4 protein chains.
Amino acid sequence: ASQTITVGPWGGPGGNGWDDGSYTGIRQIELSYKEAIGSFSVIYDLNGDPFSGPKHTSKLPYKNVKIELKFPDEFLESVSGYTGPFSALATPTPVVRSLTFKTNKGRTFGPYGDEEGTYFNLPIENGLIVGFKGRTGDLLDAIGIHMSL
Amino acid sequence: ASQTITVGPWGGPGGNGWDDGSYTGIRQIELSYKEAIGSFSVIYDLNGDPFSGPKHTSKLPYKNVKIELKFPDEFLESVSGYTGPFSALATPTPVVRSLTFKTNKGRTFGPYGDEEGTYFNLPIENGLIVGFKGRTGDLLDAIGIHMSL
Amino acid sequence: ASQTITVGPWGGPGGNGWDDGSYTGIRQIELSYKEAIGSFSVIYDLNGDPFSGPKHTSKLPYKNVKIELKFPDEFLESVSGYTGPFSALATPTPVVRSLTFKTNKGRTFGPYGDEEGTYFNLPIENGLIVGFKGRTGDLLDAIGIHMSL
Amino acid sequence: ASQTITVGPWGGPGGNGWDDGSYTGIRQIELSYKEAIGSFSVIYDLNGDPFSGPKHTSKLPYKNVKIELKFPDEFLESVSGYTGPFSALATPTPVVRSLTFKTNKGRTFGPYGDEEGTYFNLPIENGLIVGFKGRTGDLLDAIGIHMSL
Ligand SMILES: OC[C@H]1O[C@H](OC[C@H]2O[C@@H](O)[C@@H](O)[C@@H](O[C@H]3O[C@H](CO)[C@@H](O)[C@H](O)[C@@H]3O)[C@@H]2O)[C@@H](O)[C@@H](O)[C@@H]1O
Ligand SMILES: OC[C@H]1O[C@H](OC[C@H]2O[C@@H](O)[C@@H](O)[C@@H](O[C@H]3O[C@H](CO)[C@@H](O)[C@H](O)[C@@H]3O)[C@@H]2O)[C@@H](O)[C@@H](O)[C@@H]1O
Ligand SMILES: OC[C@H]1O[C@H](OC[C@H]2O[C@@H](O)[C@@H](O)[C@@H](O[C@H]3O[C@H](CO)[C@@H](O)[C@H](O)[C@@H]3O)[C@@H]2O)[C@@H](O)[C@@H](O)[C@@H]1O
Ligand SMILES: OC[C@H]1O[C@H](O)[C@@H](O)[C@@H](O)[C@@H]1O
């Protein structure tokens, strides 16, 4: 097995751990949100063809959003968000409350969720996010990234 | 796009170029041979699951072989073979006449084909072959490799 | 030119930009601090031999510290700190107020400086910090990292 | 420790092993030759500045050559040569008899030495030679390469 620089998890130890692994790039990101981030799944690029990563779906009735990147001219240049406990859960471990994505083309996708708690910011000067890692219970407990050149 | 160190092609400019891309590792290699190498296709590992790469099948009635590696404890440590023209074709053009694979566990698979022509040898001290690239017409004209850590 | 995954800068646009480049690893880190981080320089490993990176020295009369890692068994597992403006300066741009280093061996070096402002945290699950990048004026305005496998 | 894809050695087990390690690129290559390759040393690029690698000098009275690449627009695209025993020596083990270097700019540097024995060829489609490894006794017994993106 090859390996990739893996950075992060930002968030808490709750939920179940998952790792989608590494691919060639990112085409589309799908997440649900309200006061925190619920569902999270992505459509990766695998050597030129779209490839659906495993779904990390949340049952909560949250609003869905689809982030379509203009692969391969456009790619994530930074990932940022907020982690903190959430009040509505039984629950006391930190969870990803908010997520914000910035592109090399200057596009910004939201702040989805409540911008409340402790802040995390991953600005990328050189390199590509090539896969996601994280934890999901009823919501998105933690998020992590795999990177390559 | 991520990229990988791509080394080679060994062989001639004949046939049609193909690139299977990059993956997480190699599970199984299938090739056909007689006096030269005909068919070539591989089952890669993609983040823990087997993944069938495109088939680069030859129509010649050659003998088929299946090389099953004990992924992930066992992996290719070296690739070697012979390149040279092949009388039976009218072509020219050099083609892969022979292939030999050595494993980190000490297993050697063949010499498949005629050990005739100009020799090529890729001994790997550190790193993993993570995908194949090459050219196929009626037979395997050339072969190349993608590598990662 | 080879390149490395370069992540961040955390901090402000003040001072002058510098990039020490990439090496084989990190042996020793030298910084000065008080209410903010002043000086910053490192002794890298270059293929087995110690190598002094350029000095990014601050003139402020701050307390000096030397962080000696037990290379190569011990290496940085995470970098974290605080960024915010600093009253005592004439310029209003954010500066690195605090820095904290955690090792794979479980050693934690400080919080050096004032743990005041906006927090940044870089937990590393796989990979190695292999060089630093940043900005220095009278103090350490920003800090960034180069990474490899 | 960071690591690099290391491919090779081509040649025999004679002499003493050496590894110059990894750098940012290659600026200049110095070798001596006659019927085989004698001396071998290189001036690497280390983050923009020239850096002399260890000398692997041969005492034989061979002809010296200096290969100056136009770093960083020009870089090695392939390394090839011949390995075989050499009568003039007392020891019977294979040695590097010949070396040939090709540039991305289309320049070819020699065939230095006797093009006699078993051939080796490393064509690079993507990636950079970033360091050399090998064995030296009275002559160059073996040669290997470190690669990066
Ligand atoms: O046996 C469990 C637990 O059940 C009760 O809690 C139920 C659920 O309440 C929800 O609010 C939420 O807290 C759930 O927790 C999951 O999801 C979160 C967020 O993804 C994650 O942090 C957790 O680890 C869980 O995977 C709960 O399951 C109560 O009866 C309680 O006392 C009891 O321990
Ligand atoms: O010399 C012109 C400069 O004079 C005044 O600044 C003097 C210095 O005041 C210190 O407090 C500090 O602000 C210095 O600034 C540098 O260092 C900080 C921190 O590293 C950095 O953010 C800045 O970009 C500077 O490199 C000042 O030099 C002011 O009147 C100022 O406006 C004037 O330019
Ligand atoms: O000193 C002892 C040595 O004597 C005879 O060898 C002397 C040398 O003869 C040379 O011509 C050559 O074979 C040397 O070998 C070195 O260099 C080669 C080429 O780089 C390398 O392959 C070898 O490993 C050596 O480093 C000899 O040193 C023989 O009787 C010999 O067996 C004895 O050791
Ligand atoms: O593959 C061997 C040979 O097969 C056919 O003759 C053609 O496709 C050639 O271009 C190719 O070189």
Side-chain angles (χ1 to χ4, degrees), chain B residues 1-13 17-22 25-26 75-84 94 96-100 102 104 111 115-135 141-149, chain D residues 1-13 17-22 25-26 75-84 94 96-98 100-102 104 111 115-135 141-149:
Chain B
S2 49
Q3 61 184 312
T4 57
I5 283 168
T6 300
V7 288
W10 285 282
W18 53 265
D19 191 339
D20 291 335
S22 291
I26 297 174
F75 51 82
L76 267 13
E77 163 175 287
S78 90
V79 23
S80 62
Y82 285 77
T83 59
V96 178
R97 296 297 301 274
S98 187
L99 240 25
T100 293
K102 288 177 190 286
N104 65 136
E115 210 138 63
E116 185 185 306
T118 310
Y119 185 63
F120 74 87
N121 172 44
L122 180 70
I124 302 165
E125 234 180 67
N126 191 49
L128 266 16
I129 287 177
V130 108
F132 284 93
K133 180 196 179 79
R135 302 185 70 81
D141 291 80
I143 188 68
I145 270 96
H146 290 302
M147 303 179 79
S148 282
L149 273 330
Chain D
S2 48
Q3 60 185 311
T4 60
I5 282 166
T6 298
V7 127
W10 285 282
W18 53 265
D19 191 340
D20 291 329
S22 287
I26 298 170
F75 52 81
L76 267 14
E77 163 173 287
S78 88
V79 182
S80 63
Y82 285 75
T83 74
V96 173
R97 296 295 302 274
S98 185
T100 294
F101 299 97
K102 286 176 192 288
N104 64 136
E115 245 188 353
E116 186 184 305
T118 307
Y119 185 63
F120 74 89
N121 172 46
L122 181 68
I124 302 168
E125 235 180 65
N126 191 49
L128 266 20
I129 286 173
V130 108
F132 283 93
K133 181 197 175 81
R135 301 185 69 83
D141 289 84
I143 189 67
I145 271 99
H146 289 302
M147 304 179 80
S148 286
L149 280 161

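Protein chains get the first letters and strands the later ones, always in sequence-line order, with residue 1 at the start of each. Keep in mind that the numbers below use all heavy atoms, side chains included, and drop hydrogens, waters and symmetry copies.
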Is D:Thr4 in contact with chain B via its backbone, its side chain, both, or neither, using a 4.5 Å heavy-atom distance?
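For D:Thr4, backbone heavy atoms alone lie under 4.5 Å from chain B.
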Is the shortest side-chain heavy-atom distance between D:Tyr82 and D:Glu115 below 4.5 Å?
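D:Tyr82 vs D:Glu115: side chains touch.
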Are B:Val79 and B:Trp10 side-chain neighbours, meaning at least one heavy-atom pair lies under 4.5 Å?
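No, every pair of side-chain atoms sits at 4.5 Å or beyond.
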Hey, could you give me the [atom1]/[atom2] distance between [X] and [Y], rounded to the nearest 0.5 Å?
| X | Y | atom1 | atom2 | value |
| --- | --- | --- | --- | --- |
| D:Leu76 | D:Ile145 | CG | CD1 | 8.0 Å |
| B:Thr6 | B:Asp19 | OG1 | CG | 7.0 Å |
| B:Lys102 | B:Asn104 | NZ | CG | 13.0 Å |
| B:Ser80 | D:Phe120 | OG | CZ | 15.5 Å |

Have B:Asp20 and B:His146 got a donor and an acceptor in their side chains that come within less than 3.5 Å?
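No pair is found: no donor N or O on one side chain lies under 3.5 Å from an acceptor on the other.
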Under 4.5 Å, heavy atom to heavy atom, which residues of residues 123-132 of chain B contact chain D?
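The list, in residue order, reads B:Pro123, B:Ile124, B:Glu125, B:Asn126, B:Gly127.
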Heavy-atom distances under 4.5 Å only: say whether B:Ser78 touches chain D with side chain, backbone, both or neither.
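Contact with chain D is absent: no heavy atom of B:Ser78 under 4.5 Å.
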